[PDB]
């Protein structure tokens, strides 16, 4: 499959519609299902198309922190926050560029949440996770909401259809004993809500192939399910929330997107730009394709990565064995700083230096979390009883590494990182449990043996794609809208530009613009 557009007159030379619906939704992420619910709940027949054999995609893998501020959820917690406070934070970071979509995101949040919580399968709650930048309107505790843990039993036959967490999915496993949490809860509840409307069809192994145009309006889509080809009519429109280009190496090389497909934490084979491609075909503009939701990734034996989040020890060096960033930085800034510092391989990979403080464990949350033994067997990590020998085994300058570590250890005993101010932020301190020092983020690495872990530039999906308006309408280069086509999530170029403002902005933008697209289609 390439994603070439059909004219209906052309297809009318032999074929005819194999199905029909008011709202066709391509994908089954947070956005897709939120747009599907918005449409089905108010009477529009909806068909949801999931390419793989599991609903949720990267949204299922997520922790389902959602940046929808100023809502009834934050009020129940008595949060010192408001729609206007949130608007200020976004303006202070992104500027006036895309200010209309900024306004729409922050202004629509409450309505999205009111509608979804109204369903008996959906309820959210505030959970503390700090916003990620020092700027007016920042929330040091955060303002993001999560779905409640869900007993799989409460959604029947939909639980087995939800994509399992990364610690199970990249190892041929299903959901474990632990109840549906984070992204698994988000998708389980939204599938249940969407089903409960009695106006929606949920399909797996149904792949978008081409949009169908008639007189320059999108009227439906070519789909591939069970060997054969289907032509699905869409009376009001098609919503494309099938993710980004994260799994398509060629589209990334072309755009100049840093990182690699094999490093992305998107489900292997799922998000390959199918929708973005299909949208360009029918005349859609694109932006920001070189941009991603970046994160450090712990390189794996199989050459893929694990999301490294909530760092609470060690330090990181370039190929010169010298710290170049605040290891406790939020993951998108961490990653962008690796990219900036890279002189043809000096920083990608970087090397995370740690000791036996965590009995051989890397002092951070790795998702998924491979056993140290497997890393050491494979040579992604390296271990030694001395820094001299560790530098030998890793090809790091031994004089430099040893200076870097003596200097870091000095700052740990002092309590301040003169070079990179590590631990001096509410995010940095959020993951650090108090030790016996003056700074919980700085812990001396003098306990043997010492380990070196290769860190690459991973991602949580791309954020470049089709240009959209405040209603998720796909636009041509001239600014005109392509009637019948709407895009959201990572299929749509982020209003957030080169910024990850705080936890849940991906799912948050996805859910608001998916919702707004349905509202537009309701007309």
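Just so we're on the same page, rigid core means the largest C-alpha set that superposes within 1.5 Å between forms. Positions refer to the first chain, counted from 1.
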(request) On a core superposition, give the stretch, 184 to 192 or 171 to 179, with the larger average C-alpha separation from this form in 5 other deposited structures of this protein (RMS over structures and residues). (result) 171 to 179
(message) Quick check: 432 to 440 versus 88 to 96, which has the larger average CA B-factor in the record?
(response) 432 to 440
(request) Report the stretch with the higher mean CA temperature factor, choosing between 297 to 305 and 224 to 232 on the basis of the entry. (result) 224 to 232
(request) Tell me, please, which of 145, 166, 186, 400 has the highest C-alpha B factor according to the deposited entry? (result) 400
(request) Could you say whether, by C-alpha temperature factor, residue 367 belongs to the lowest, middle or highest third of its chain? (result) lowest
(message) Split into thirds by Cα B-factor across the chain's modelled residues, where does residue 480 land: lowest, middle or highest?
(response) highest
(message) When the deposited Cα B-factors of this chain's modelled residues are ordered and cut into thirds, is residue 14 in the lowest, the middle or the highest one?
(response) highest
(message) Taking only the Cα B-factors deposited for this chain, tell me whether residue 498 sits in the lowest, middle or highest third.
(response) highest
(message) Could you place residue 74 in the lowest, middle or highest third of its chain by Cα temperature factor, using the values in the record?
(response) middle
